[PDB]
Asks: 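I'd like to ask you about the structure that follows.
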Amino acid sequence: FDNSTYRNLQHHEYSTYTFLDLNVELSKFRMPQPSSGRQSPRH
Amino acid sequence: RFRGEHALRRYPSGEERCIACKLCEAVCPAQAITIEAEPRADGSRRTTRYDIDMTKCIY
Amino acid sequence: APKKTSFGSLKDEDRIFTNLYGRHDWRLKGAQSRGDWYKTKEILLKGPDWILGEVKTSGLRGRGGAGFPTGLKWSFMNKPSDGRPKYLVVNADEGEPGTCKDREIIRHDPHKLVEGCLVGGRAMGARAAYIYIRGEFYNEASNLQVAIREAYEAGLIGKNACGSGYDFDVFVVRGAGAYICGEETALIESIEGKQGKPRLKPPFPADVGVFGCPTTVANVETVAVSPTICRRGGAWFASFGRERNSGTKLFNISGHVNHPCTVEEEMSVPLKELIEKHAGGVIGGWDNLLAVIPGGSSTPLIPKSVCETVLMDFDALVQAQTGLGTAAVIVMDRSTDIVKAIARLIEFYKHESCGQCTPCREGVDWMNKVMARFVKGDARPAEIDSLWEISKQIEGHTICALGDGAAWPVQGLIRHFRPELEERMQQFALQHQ
Amino acid sequence: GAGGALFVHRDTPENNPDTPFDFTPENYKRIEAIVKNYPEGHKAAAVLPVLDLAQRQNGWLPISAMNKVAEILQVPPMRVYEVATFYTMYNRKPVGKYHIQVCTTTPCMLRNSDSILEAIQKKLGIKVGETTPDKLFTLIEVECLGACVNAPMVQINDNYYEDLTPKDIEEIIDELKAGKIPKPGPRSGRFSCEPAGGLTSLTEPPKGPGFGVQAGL
Amino acid sequence: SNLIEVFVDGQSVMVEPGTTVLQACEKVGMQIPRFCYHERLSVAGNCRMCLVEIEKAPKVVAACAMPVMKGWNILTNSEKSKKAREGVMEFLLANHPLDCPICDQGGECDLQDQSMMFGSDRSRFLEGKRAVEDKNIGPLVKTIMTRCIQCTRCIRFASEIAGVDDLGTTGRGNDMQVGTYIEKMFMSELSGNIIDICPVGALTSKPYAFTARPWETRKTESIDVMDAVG
Ligand SMILES: NC(=O)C1=CN([C@@H]2O[C@H](COP(=O)(O)OP(=O)(O)OC[C@H]3O[C@@H](n4cnc5c(N)ncnc54)[C@H](O)[C@@H]3O)[C@@H](O)[C@H]2O)C=CC1
Ligand SMILES: Cc1cc2nc3c(=O)[nH]c(=O)nc-3n(C[C@H](O)[C@H](O)[C@H](O)COP(=O)(O)O)c2cc1C
Ligand code: SF4
Ligand code: SF4
Ligand code: SF4
Ligand code: SF4
Ligand code: FES
Ligand code: FES
Ligand SMILES: [Mg+2]
């Protein structure tokens, strides 16, 4: 147990694509999306 | 304040002041003013006809 | 002894956000070591009605600033299915100047937010949670994504989340620099790929929300405390603060204080005790205090004579004509140009107005020009009253509450510091003949 | 003061529909993953990330990038133009390599943000709306960035630099232009939102799992 | 029946559910002031000119988008409604250009008429006005966007009636402008109707420009022969 150290140091090595790379990685875990019945409101 | 013979005026540059709003034509109690307008060659809003019947005008 | 009369000294065991300062591992293992994701399967198996009742008896009110009772708002979505999917939208825009609590929650205790999303979605019957985070919080958003990835890997969220047979997804959506997107309907429009312009109510999001489906919009702080309220009891939550002002609150003390900081405190703590104990006091001593904006820029300011005994809850601050808001205390000492500070706030609102409706789009820019002239003293005293009326024409007549929140600081400045305005006006008058 | 920038587009050799822009194949995979997040039949909801993705690939948003996003997501280009012009995080004009944003709202104004702004101006020799001739620094003012507790602060390309002094920001600038990248966070020996000295709360070790769980659960 | 009872100034009216306050008011001959509401367009609710007081309710409601509730008493002429109308008209006229003599909307302006019937008679605006550059959308529709009040009627008409999504708003706040953001012609076989729906002189007819005033014209009701639609 200690309190002199800072543990949130991972964000020091994030690139510009970290968020979208994480989204791509998470794409495999999601449930199928619901469908409105059309391709677009303009269809 | 004396009211006598009508005249159309200009800006100091020599451009006519009238912009053909037709407010004078609408307010004239004697219907003595007749106005026709159109866009000028430069796009300015200017009259093509401005007539005052001085025998209808009540001054 | 029951019916406490003094509030404002709670020990570490009753603090919900135990990793507020990022001194412990924000990851999954560290969060589990702190009691996160504990008996979540049992809480889900209790049922939406049990969770809604536990939220109701906790006395929790909306931590976004309006202070709406959370139980009724979340039970508005307890309707049966009508063919449309049900969604939870977590507001993480964090646009109020002076407010930094949601950023700290997201970057330091993200699993609390994820578990709160799961529990609230189960209570409302939501299929998935959309977390709308500020676009400037890129590191916070990526930390939240890492936490969500760990929860998915763990089996905590997603298909058969925990082991209750309930499927729940958590998505993260980033905005692009718009404070108006903190408004719930403007946020919903922003998710749908439009301009961040608020909708009119009715319909409420509980009927027509995101993608035209039933939706509930909740603050990150409100969502985060939900699992702790469910576990520790809810009646434990109501034991803090006054009646209808229950629980614990995160305060952001900024401005003219020795130690500006984000702290957690009992709800009904007096403002002076909060400033002295945690923030280190006003710069130059308490006698140097001039004004305090108690709940972010949208709340009217109060002078030193009111800050002596005022309580830091919704009802007490309403009685002081300022409201609690986001519990962001901006402190200004006697060495500040208070007119300039209020003008800066008005300029912020001018730059953040979405321009959809006439009263905000026009009157806020008008008040901005008027306050710019006031700062230099380039007006006459009668205009002060004029300014007041201008604000009264904006308040209550706009679509969203941004017009109200732009009018309120002007009203507070006129109410408490009119002689300063008149003195500046006369100084400019005889200085320029 | 005022906006300064214009909300109409005029064609230009460096910004016109024929300006070459296209997404990299990995960016196409990212776009596919982004689009998968939203319900089927609602694809406009992906204009905000995808457009931002373009700005991450290109550095700014030309008219061709907006047209490409509209064509990909099958939305009218006018809607993409509305989104691009509504939100201030989108750059419809090229910016420098390091885009410096200084918060000047009242909480940061109280903690001497003008000193930081003038230190940056005199270090770089440019105004509040200009870019350096070498195209490495663009400085602007912004509204509250959400770190008022750590005022004064600036943002440089998705990084927060808080608790600033003129010497600190000058050091950050001269380290940034040397090819390095400074570590984000406060520059006051605080590295969090804690009180400047003392840590008045949360001193005790956190309680274990199930510490306060109610009976019957 | 399915009708519900509402009250307009204390007079009982029977209306179908989903009827708005504006339609209930017009069921007794009362026309609520409006700028952005058109009965053939989708509801906008942005102009805020239609704000009306409901009895026992502290907040005024937008009559163009608010469905009437059972037992509501609409007060179309109370002090609160009049003050709301005056404030909204003051905001509308704060940045409007002093263009009435050179504006083709002169005697036909909804802004002018509703200022004369519902607004104040003076101005306490002591600042400088805003100015907007003009946009060219073709030879049929003349555009002077300083007179725009941002009711977004043209945008909704183009998007819904005409099926053309070329019009929109760029920017935000006071500096929010209606246009195409690019030099683009608004060609549609129904493109001229945006001239009629625009309450102000922001959109006018180019062939008709400067030639006549509405009070001079004599109106003859006739039938179009350019197609078989009649
Ligand atoms: N945390 C931040 O960054 C900011 C916070 N704020 C705060 O936001 C407050 C005002 O926000 P509003 O949403 O306009 O307040 P509000 O009173 O209109 O409603 C707040 C919540 O209660 C719900 N609600 C209210 N009435 C309802 C009804 N009759 N039926 C169903 N649901 C209902 C709404 O859906 C909404 O979610 C302000 O007091 C301000 O303090 C403002 C700006 C920024
Ligand atoms: C102009 C404006 C900006 C707002 N910005 C925010 C924000 O950044 N974050 C937020 O949680 N709420 C914001 N709100 C209020 C939200 O509606 C609130 O968060 C939402 O009602 C959730 O409230 P709850 O915490 O009671 O569920 C804003 C409201 C207005 C009028
Ligand atoms: S038409 Fe008559 S009122 Fe109008 S500008 Fe010309 S002279 Fe004056
Ligand atoms: S009050 Fe301002 S921000 Fe809110 S909808 Fe109206 S114009 Fe937009
Ligand atoms: S649109 Fe109407 S109010 Fe505006 S200048 Fe023209 S006539 Fe006057
Ligand atoms: S151009 Fe006319 S119709 Fe279109 S938004 Fe402006 S005032 Fe309304
Ligand atoms: S006031 Fe500067 S970050 Fe909020
Ligand atoms: S007519 Fe109702 S807001 Fe415009
Ligand atoms: Mg028109």
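Note that ligands are numbered from 1 as they come in the structure, with each ligand's atoms numbered from 1 the same way. So you know, we letter chains A, B, ... as the sequences are listed, proteins then strands, and number each from 1.
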Asks: Hey, which atoms in ligand 4 end up nearer than 4.0 Å to a heavy atom of C:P198?
Replies: 5 (S)

Asks: So which heavy atom in the protein is nearest atom 8 (Fe) of ligand 5, and how far is it from that ligand atom?
Replies: E:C100 SG, 2.3 Å

Asks: Could you tell me, atom by atom, which parts of ligand 6 come under 4.0 Å of a heavy atom of E:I149?
Replies: 7 (S)

Asks: Of C:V364, C:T185, C:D404, C:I180, which has the heavy atom at the shortest distance from atom 3 (S) of ligand 4?
Replies: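 Ranked by closest heavy atom to atom 3 (S) of ligand 4, first place is C:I180.
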
Asks: Looking only at heavy atoms of E:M145, does any of them come nearer than 4.0 Å to an atom of ligand 6?
Replies: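 Yes, that is the case, since the closest heavy atom of the residue is under 4.0 Å from the ligand.
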
Asks: Are any non-hydrogen side-chain atoms of E:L140 and E:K206 less than 4.5 angstrom apart?
Replies: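 Not touching, per the 4.5 Å side-chain cut-off.
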
Asks: Would D:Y87 and C:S190 count as having a side-chain donor-acceptor pair, cut-off 3.5 Å?
Replies: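 On atom types as modelled, these side chains qualify, holding a pair under 3.5 Å.
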
Asks: Identify, for atom 1 (S) of ligand 5, the protein heavy atom at the shortest distance, and state residue, atom and that distance.
Replies: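 For atom 1 (S) of ligand 5, the nearest protein heavy atom is E:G201 N, 3.1 Å.
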
Asks: What protein heavy atom sits nearest atom 6 (Fe) of ligand 4, and how far away is it?
Replies: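 I find the closest protein heavy atom is C:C357 SG, 2.3 Å.
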
Asks: With atoms numbered from 1 as shown, which atoms in ligand 4 lie under 4.0 angstrom from a non-hydrogen atom of C:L402?
Replies: 3 (S)

Asks: Can you name the atoms of ligand 4, numbered from 1 with element, that are less than 4.0 Å from a heavy atom of C:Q356?
Replies: 5 (S), 7 (S), 8 (Fe)

Asks: Exactly one of C:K197, C:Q195, C:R199 should register a side-chain hydrogen bond (donor to acceptor under 3.5 Å, both in side chains) with C:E189. Which one does?
Replies: C:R199

Asks: Taking atom types as modelled, find out whether E:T146 and E:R130 have a side-chain donor-acceptor pair closer than 3.5 angstrom.
Replies: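 No, E:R130 and E:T146 have no side-chain donor paired with an acceptor closer than 3.5 Å.
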
Asks: Side chain, backbone, both or neither: which part of E:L203 comes within less than 4.0 Å of ligand 6 when only heavy atoms are counted?
Replies: side chain

Asks: Is E:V200 touching ligand 6 with its side chain, its backbone, both, or neither, if touching means heavy atoms under 4.0 Å apart?
Replies: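 Side chain only; the backbone of E:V200 stays clear of ligand 6.
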
Asks: Taking 4.0 angstrom as the limit and counting only heavy atoms of C:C354, give me the atoms of ligand 4 inside it, by number and element.
Replies: 3 (S), 5 (S), 7 (S), 8 (Fe)

Asks: Can you tell me if, anywhere in E:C151, an N/O/S atom lies at a distance from atom 2 (Fe) of ligand 6 that is smaller than 2.8 Å?
Replies: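 Short answer: no, not a single N, O or S atom is under the cut-off.
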
Asks: Using a 4.0 Å cut-off to any heavy atom of C:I399, which atoms of ligand 4 qualify?
Replies: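 Near C:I399, meaning under 4.0 Å from one of its heavy atoms, ligand 4 has 5 (S).
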
Asks: Identify the closest protein heavy atom to atom 5 (S) of ligand 6: which residue and atom is it, and at what distance?
Replies: E:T152 N, 3.1 Å

Asks: Would you say that E:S115 contacts E:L93 through its side chain, given a criterion of any heavy-atom pair below 4.5 Å between the two side chains?
Replies: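 Yes, at least one pair of side-chain atoms sits under 4.5 Å.
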
Asks: Taking all heavy atoms of E:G168 and all of D:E82, pick out the closest pair and write down the distance.
Replies: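 Nearest pair, atom of E:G168 first, then D:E82: CA-OE2, 3.3 Å.
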
Asks: Which option wins on minimum heavy-atom distance to atom 2 (Fe) of ligand 4: C:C360, C:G363, C:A406?
Replies: C:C360

Asks: Going by the order shown, which atoms of ligand 6 are within less than 4.0 Å of some heavy atom of E:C154?
Replies: 1 (S), 3 (S), 4 (Fe), 5 (S)

Asks: Numbering the atoms of ligand 4 from 1, which are under 4.0 Å from a heavy atom of C:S353?
Replies: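 Reading through ligand 4 atom by atom, the close ones are 2 (Fe), 7 (S).
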
Asks: Are E:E86 and E:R124 close enough for a salt bridge, meaning some N to O gap below 4.0 Å?
Replies: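 No, this pair does not count.
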
Asks: Assess, by modelled atom type and distance only, whether the side chains of B:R46 and B:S44 contain a donor and an acceptor separated by less than 3.5 Å.
Replies: yes

Asks: Could you check whether any side-chain heavy atom of E:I32 comes within less than 4.5 Å of a side-chain heavy atom of E:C64, counting everything from C-beta outward?
Replies: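 A side-chain contact is absent here, since even the closest heavy-atom pair is not under 4.5 Å.
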
Asks: Around atom 7 (S) of ligand 5, find the nearest protein heavy atom and jot down its residue, atom name and distance.
Replies: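 For atom 7 (S) of ligand 5, the nearest protein heavy atom is E:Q112 NE2, 3.3 Å.
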
Asks: Which word best sums up how the rings of C:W366 and E:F91 line up, parallel for under 30°, tilted for 30 to 60°, or perpendicular for over 60°?
Replies: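 Because their plane-to-plane angle is over 60°, the rings of C:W366 and E:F91 count as perpendicular.
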
Asks: Quick one: do D:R10 and E:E183 satisfy salt bridge (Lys or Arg N to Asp or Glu O under 4.0 Å)? Show the steps, please.
Replies: CA-CA 7 Å; D:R10 284 177 254 281; E:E183 264 290 323; over 6 Å; no

Asks: Verify the distance test for E:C109 against atom 6 (Fe) of ligand 5: any N/O/S atom under 2.8 Å, yes or no.
Replies: no

Asks: So which heavy atom on C:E395 is nearest to which on C:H397, and how close?
Replies: O-ND1, 2.8 Å

Asks: For atom 4 (Fe) of ligand 5, what is the nearest protein heavy atom, given as residue, atom name and distance?
Replies: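 Checking every protein heavy atom, the shortest distance to atom 4 (Fe) of ligand 5 gives E:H96 NE2, 2.0 Å.
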
